[PDB]
Each structure stands twice: as C-alpha cells, then as structure tokens.
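Below sits a lone chain in structure tokens, taken as the form deposited in one PDB entry.
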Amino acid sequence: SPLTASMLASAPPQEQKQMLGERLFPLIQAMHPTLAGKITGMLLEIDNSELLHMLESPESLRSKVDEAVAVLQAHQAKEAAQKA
C-alpha cells in the first residue's frame, strides 16, 4: 500500500485525494475511531506534498490530527451552544 509520487502523477486531483485518503484513513481511524471520516476529510484539504510527508512521519501526522480534533470539537461545540 505504499504511495509514490509517480502513483499520484497525472491522475485527477480528486483521485489523488482519494489515493492519499485511503492510506491516511486507517491511521487516523486508529487514533480517533469516532471522528475518522471527518478528520481525514479535513486533512485531505492540505497540499499533497505535505500529506505524502505525513504518511512517512507518524509525529507529523499525530500533530496535525491533534490540531484537526481541537478545531473540529470547538466548531461543533460552538455551533451547538449558539443554537442551544
């Protein structure tokens, strides 16, 4: 399942995101099973070069996922509080 730049090359940008997402998802899911789809979607908006790096750097992925979880939680809780 290792991903190369050559695999991404000349493929539609949407499909590059799917390719990256398929590799990121099991890792992100391991970290936060209940948030896996959402956190992966958030991370997939990042530049592909940075995503490829994250796939090779567990600490980098961990840092970015920690950030996404904090951002997602705050967004959801703020929106709920506004309507409560």
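Note that residue numbering begins at 1 and tracks the sequence as displayed.
A.B. asks: Could you check the entry and say whether 63-71 or 7-15 has the higher mean CA B-factor?
C.D. replies: Higher mean C-alpha B-factor: 7-15.
A.B. asks: Against its chain's modelled residues, does residue 27's Cα B factor rank lowest, middle or highest third?
C.D. replies: For residue 27, the deposited C-alpha B-factor lands in the lowest third.
A.B. asks: Considering every modelled residue of the chain and its Cα B-factor in the PDB entry, is residue 46 in the lowest, middle or highest third?
C.D. replies: Its C-alpha B-factor, which the entry lists for residue 46, ranks in the highest third among residues of this chain.
A.B. asks: Give the position of residue 54 by CA B-factor within its chain, expressed as the lowest, middle or highest third.
C.D. replies: Tercile = highest for this residue's CA B-factor.
A.B. asks: If you rank every modelled residue in this chain by C-alpha B factor, which third holds residue 77: lowest, middle or highest?
C.D. replies: Lowest third of the chain for residue 77's C-alpha B-factor.
The same protein also has a form deposited in another entry, omitted here; what follows describes it.
A.B. asks: Given a CA distance change of at least 3 Å, are residue 10 and residue 56 closer or farther in the other entry?
C.D. replies: Closer, not farther.
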